Amino acid sequence: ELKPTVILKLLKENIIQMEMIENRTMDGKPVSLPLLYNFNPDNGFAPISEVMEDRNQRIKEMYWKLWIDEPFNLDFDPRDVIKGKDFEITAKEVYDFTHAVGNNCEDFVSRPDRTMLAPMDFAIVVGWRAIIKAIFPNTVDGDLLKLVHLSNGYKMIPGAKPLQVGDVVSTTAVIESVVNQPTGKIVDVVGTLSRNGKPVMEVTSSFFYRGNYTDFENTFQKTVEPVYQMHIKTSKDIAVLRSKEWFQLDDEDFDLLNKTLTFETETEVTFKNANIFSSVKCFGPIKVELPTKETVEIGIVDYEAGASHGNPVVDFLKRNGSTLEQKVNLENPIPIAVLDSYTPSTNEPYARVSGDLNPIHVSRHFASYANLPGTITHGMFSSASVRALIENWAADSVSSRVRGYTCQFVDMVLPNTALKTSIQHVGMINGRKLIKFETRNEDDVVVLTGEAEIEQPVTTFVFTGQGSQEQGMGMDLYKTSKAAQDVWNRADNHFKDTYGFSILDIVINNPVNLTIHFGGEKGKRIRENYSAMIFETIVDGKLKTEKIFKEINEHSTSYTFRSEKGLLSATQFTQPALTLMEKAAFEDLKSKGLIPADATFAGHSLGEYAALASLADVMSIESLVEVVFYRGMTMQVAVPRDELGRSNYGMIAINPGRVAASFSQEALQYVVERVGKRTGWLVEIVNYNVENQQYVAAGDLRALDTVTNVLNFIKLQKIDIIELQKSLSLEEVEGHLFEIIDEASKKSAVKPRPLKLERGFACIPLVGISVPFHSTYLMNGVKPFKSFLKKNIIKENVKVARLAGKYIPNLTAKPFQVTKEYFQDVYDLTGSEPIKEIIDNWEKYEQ
Amino acid sequence: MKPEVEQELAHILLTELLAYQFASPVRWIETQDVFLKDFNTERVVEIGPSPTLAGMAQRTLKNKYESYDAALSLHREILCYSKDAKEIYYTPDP
């Protein structure tokens, strides 16, 4: 429809009013902008002099009736927090926005029996009225037409959920820093969103009033600097710390040694000019890391300065302390995709949905009034048109993965232009992915730079136990990685200072004979460490503690370790190579920052020690290597061996999907329990690996040649146990099973004790092992490993937060919690006195 | 409960958990129902020199999560550290 856009007329005799009608409004009523001019007839060359006096507040009033539903007011100080009215999220507010911007996210669609999520660029829609209200006060004076929105970032805080439908999200804001550039004035304002009282995300907003501004009295810089952590390992930097006047302590004699100080530093900075600061004031708490991992206030940063050219406090800590979180690049940037997006014919679909009715987007007369080449598409729209393709690929079409998002507005765009965004992955940040985008139009010109801090998907870590033993495992990683170097060296140093051999030597060349010489003053500490290791076995039903190395005393000069082929075959040298090369692998991925902060981890048999030392670091790598060595020797002498070193125990790798089709995992446990009760020889399912396809049974060498022969008969007879016990007769299969077990166990007693264990049709004997571990065979040998574990794992280094919900044992196989019901479950599975000591005194610990 | 008491309870609990690993059967089948069902993990990253815990999780998903991973419609990226290091390091070939 053909609406009036301009009313040119005389207002008074000498005053022209050119008035510009804008129609698209909140209340349908078009708003007038009366641009006044003086017509001076005495100055014939340029008679039309614009009324510059009383101009910014008239532009303000016009914009107020397009952005601010409140009463027109400018006598509120910029420093003081600005509140937003409580804005809620509907399902309509998602459908209009997502269709307008083409955000084709199914998490933003209504799917049954799940909450509808909202776009992270809907948060500007939520909090435009609070964010933009920052620039309005008369001390933040400027021309809103020439005002260029420079940048606009989001930071979804760690631990809070992203926005959903219904969520009534209050808005607030405050002006971080207003600074008179030579080219204009950059106001940085942060406008957070608060749901259920708690903040959700911070929404950074850098605006630019282009011009020349002397109003330095109104400039300030209230920057809330990032926290800075620094380890106090020396008494040199302490003397440096005590010399720092800003650094004041509530306890002047507080032990700063070997602690960890975090600094929640905020610096206000007023100005004389753009360079010199009239007042610099760095303050905040100083938080020492208590062994419990919590952070307690021990002092105050309190810096006070006049004519300063920089923040000494930040200058000091940024060199001498860390940011709490250091990013790492990629070796090469990943060329994700060079995608194409199109700005829409009209800027009305976004202008309406957001409530940003800046006429330079819509009114061709306002657009050309500001010298723009036409009705400029919203920058924030282009922001949402590229973030949808950043939400499309890096986050695998997921919405909760998006944490950060910053988008600098560089080039002005007309409607109907063909963009070209080359998406470039640059590095990690503590698991999360850094994606750098660079939008160029049809003519190859930079329009939108910025990035997105996107969470990697939920990750689970499955640490291998034993298995394949190999010469030179992780030597390539050791040659390359800096973390792999550090961990192996540390391990090796601990080994040679504790156990008088090099772990590197063993994995590299695999010597047949290694001689530990107790030669000197150092040698004696190694001998005491070898004669300090104990185990407990049952002969004639007595709990006696036997000695590991029965041929080591205090007259023993040198011990020899032997192997038939190579020492990497013997469990006590095999397992420290595996757990070290895993820990090396993990400390290479952590160095590359590929580990999510909330990733679960469940270790297999031996891997659980690598996982715990990896994800928790509750014991040092020096503690881990000697823990797996002590267990590897305990897992050696636990069984009685002949003079040759062979024992009458061993493993099988049961495949129950090879004996019978209807052979359930209730049938293999029933057959193994019935065999153990009939033959009287120990056999137990010790590894629940894969359902009805992969198990491991641990027990006597005879006891694993009867269950194999029970499953060789059942396959060749085609008789099931679960059908006949139910549908034929009650407890008849119990009697009918003991005669098959009696037949299988009669032939398995004739052969001598070092018996060659057969590979069945549904059983594979796991060679290189002759110890029943993960069974009841080691009930006796548990007790001395407690006395071992207490010295090694220190209670101060155990972080409950790092273990909670992530550490999944192989005992209980649940999310680790500090609850009565979990300790009850661990007692029920493993009868222990110190578990029932807590359970009974549970309410005494509660208070 | 204090952080100090919660810390020593964690230290005690992990001590008997670790101590009774070799003294209890590895109930890993239903451990595979803690991170594939209870947490819904999309990357099963194995750490080790061979794919031992990779062929168990893929065959756990084929056996009894083909219809659970069709109901939620999620993709589980089953990798190892020895075999598929090109993908975890994010180091493709040009």
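Positions of Cβ are generated from backbone atoms using ideal geometry, with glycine treated the same way; all protein chains shown enter the neighbour counts. Every number in this text was worked out from the coordinates using simple rules, so none of it is lab data.
Here A:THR449 passes the criteria (1) free of Cβ contacts under 8 Å to residues at least 60 places away in the same chain; (2) surrounded by 17 or more Cβ atoms within 10 Å (Cβ to Cβ); (3) part of a strand (DSSP E or B) except the one numbered (2).
Within segment A:640-648, does at least one residue satisfy the condition of being buried (at least 23 other Cβ atoms within 10 Å of the Cβ) and of a type outside the set (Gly, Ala, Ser)? Looking for residues that are buried (at least 23 other Cβ atoms within 10 Å of the Cβ) and of a type outside the set (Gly, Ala, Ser), one finds none in segment A:640-648, hence no. Restricting attention to segment A:782-795, the residues that are within 8 Å of chain B (Cβ to nearest Cβ), in a helix (DSSP H, G or I) and crowded, with 17+ Cβ neighbours inside 10 Å total 3. Out of all the residues in segment A:191-198, is one or more part of a strand (DSSP E or B) and touching an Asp or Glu at 6+ places or on another chain (Cβ under 9 Å)? Looking through segment A:191-198, at least one residue is part of a strand (DSSP E or B) and touching an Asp or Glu at 6+ places or on another chain (Cβ under 9 Å).
Cβ-Cβ distances below 8 Å connect the following pairs, each with a first residue in segment B:34-63 that is more than 7 Å from chain A (Cβ to nearest Cβ) and more than 14 Å from A:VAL462 (Cα to Cα), a second residue that is assigned to a helix (DSSP H, G or I) and hydrophobic (A, V, I, L, M, F, W, C), and a separation of six or more residues or different chains: B:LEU61/B:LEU36. Scan segment A:52-86 residue by residue and report those that are hydrophobic (A, V, I, L, M, F, W, C), over 21 Å from A:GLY28 (Cα atoms) and touching a residue at least 40 places away in the same chain (Cβ under 8 Å). A:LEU74, A:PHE76, A:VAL81, A:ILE82, listed by residue number.
Just a yes or no: is a residue in segment A:761-775 in contact (Cβ under 8 Å) with a residue 24 or more places away in the chain and within 30 Å of A:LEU290 (Cα to Cα)? No; the residues of segment A:761-775 include none that is in contact (Cβ under 8 Å) with a residue 24 or more places away in the chain and within 30 Å of A:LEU290 (Cα to Cα).
Taking the criterion of being facing chain A (nearest Cβ under 9 Å) and more than 17 Å from A:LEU594 (Cα to Cα), the only residue of segment B:76-94 that qualifies is B:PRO94.
The criterion of at least 1 residues that are under 45 Å from the mean Cα position of the chain (by Cα) and crowded, with 16+ Cβ neighbours inside 10 Å is met, among strands (runs of 3 or more DSSP E) falling completely within segment A:1-109, by A:82-88. At least 3 residues being more than 13 Å from every other protein chain (Cβ to nearest Cβ) is the threshold, and among the helices (runs of 4 or more DSSP H) wholly inside segment A:603-701 those reaching it are A:621-637, A:665-678.
Restricting the search to segment A:526-553, which residues are under 15 Å from A:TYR499 (Cα atoms), outside any loop (DSSP other than H, G, I, E, B) and in contact with a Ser or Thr (Cβ under 8 Å, 6 or more places away or on another chain)? If the condition is that a residue be under 15 Å from A:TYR499 (Cα atoms), outside any loop (DSSP other than H, G, I, E, B) and in contact with a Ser or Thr (Cβ under 8 Å, 6 or more places away or on another chain), then A:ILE526, A:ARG527, A:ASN529 are the ones that fit.
Please tell me if A:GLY760 is surrounded by 15 or more Cβ atoms within 10 Å (Cβ to Cβ), over 24 Å from A:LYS544 (Cβ atoms) and more than 9 Å from chain B (Cβ to nearest Cβ).
Taking the combined requirement at face value, the residue satisfies it.
For segment A:799-813, the condition holds for at least one residue, the condition being that it is within 7 Å of chain B (Cβ to nearest Cβ), under 27 Å from A:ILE721 (Cβ atoms) and not hydroxyl-bearing (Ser, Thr, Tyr). Restricting the first residue to segment A:248-266 and requiring it to be farther than 19 Å from A:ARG319 by Cβ, which pairs with a second residue that is outside any strand (DSSP E or B) and basic (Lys, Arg) meet a Cβ separation below 7 Å and a spacing of at least six or different chains? As it stands, the answer is A:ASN258/A:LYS233, since those pairs meet every condition given.
A:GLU666 fulfils the conditions (1) out of contact with any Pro (no Cβ under 6 Å at 6 or more places or on another chain); (2) crowded, with 17+ Cβ neighbours inside 10 Å; (3) closer than 26 Å to B:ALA54 by Cα; (4) free of Cβ contacts under 8 Å to residues at least 60 places away in the same chain except for a single criterion, (2). In segment A:424-440, the condition of being acidic (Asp, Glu) and outside any strand (DSSP E or B) is met by no residue.
Of all helices (runs of 4 or more DSSP H) completely enclosed by segment A:303-413, which ones contain at least 2 residues that are within 19 Å of A:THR439 (Cα to Cα)?
A:379-390
Would you call A:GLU438 more than 14 Å from chain B (Cβ to nearest Cβ), farther than 30 Å from A:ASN553 by Cβ and touching a residue at least 40 places away in the same chain (Cβ under 8 Å)? No; evaluated as a whole, the condition is false for this residue. Each residue in segment B:1-25 was checked for being assigned to a loop (DSSP other than H, G, I, E, B) and either among the hydroxyl-bearing types (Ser, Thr, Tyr) or at the interface with chain A (Cβ under 7 Å from one of its Cβ atoms) (or both), and 7 of them qualify.
Here is a yes/no grid of residues against (1) crowded, with 20+ Cβ neighbours inside 10 Å; (2) closer than 22 Å to A:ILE595 by Cα:
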residue	(1), (2)
B:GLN32	yes, yes
B:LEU36	yes, yes
B:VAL44	yes, yes
B:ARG59	no, no
B:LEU74	no, yes
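Counting the residues of segment A:578-602 that are assigned to a helix (DSSP H, G or I) and within 9 Å of chain B (Cβ to nearest Cβ) gives 8. State the number of residues belonging to segment A:817-840 that are outside any loop (DSSP other than H, G, I, E, B), out of contact with any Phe, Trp or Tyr (no Cβ under 9 Å at 6 or more places or on another chain) and of a type in the set (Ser, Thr, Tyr). Residues meeting the conditions: 1. For the residues A:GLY306, A:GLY355, the requirement of being in contact (Cβ under 8 Å) with a residue 40 or more places away in the chain and either buried (at least 20 other Cβ atoms within 10 Å of the Cβ) or of a type outside the set (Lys, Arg) (or both) singles out A:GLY355. Could you tell me whether any residue of segment A:796-809 is surrounded by 17 or more Cβ atoms within 10 Å (Cβ to Cβ), on the phi < 0 side of the Ramachandran plot, part of a loop (DSSP other than H, G, I, E, B) and in contact with a strand residue (DSSP E or B) (Cβ under 7 Å, 6 or more places away or on another chain)? Taking every residue of segment A:796-809 in turn, at least one turns out to be surrounded by 17 or more Cβ atoms within 10 Å (Cβ to Cβ), on the phi < 0 side of the Ramachandran plot, part of a loop (DSSP other than H, G, I, E, B) and in contact with a strand residue (DSSP E or B) (Cβ under 7 Å, 6 or more places away or on another chain). Condition first: in contact (Cβ under 8 Å) with a residue 24 or more places away in the chain and in contact with a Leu (Cβ under 7 Å, 6 or more places away or on another chain). Can you find one or more residues in segment A:189-196 that meet it? Within segment A:189-196, none of the residues are in contact (Cβ under 8 Å) with a residue 24 or more places away in the chain and in contact with a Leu (Cβ under 7 Å, 6 or more places away or on another chain). Can you find a residue that is surrounded by fewer than 17 Cβ atoms within 10 Å (Cβ to Cβ) and among the basic types (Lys, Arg) anywhere in segment A:173-187? Checked segment A:173-187: no residue is surrounded by fewer than 17 Cβ atoms within 10 Å (Cβ to Cβ) and among the basic types (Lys, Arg).
Between a residue in segment A:523-548 that is free of Cβ contacts under 8 Å to residues at least 40 places away in the same chain and any residue that is part of a helix (DSSP H, G or I), which pairs come within a Cβ distance under 7 Å, given they are 6 or more apart or on different chains? If the second residue must be part of a helix (DSSP H, G or I), the pairs left are A:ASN529/A:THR498.
Kindly evaluate A:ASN320 against the criterion of being touching a residue at least 12 places away in the same chain (Cβ under 8 Å), of a type outside the set (A, V, I, L, M), in contact with a helix residue (DSSP H, G or I) (Cβ under 7 Å, 6 or more places away or on another chain) and under 30 Å from A:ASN358 (Cβ atoms).
Answer is no for this residue.
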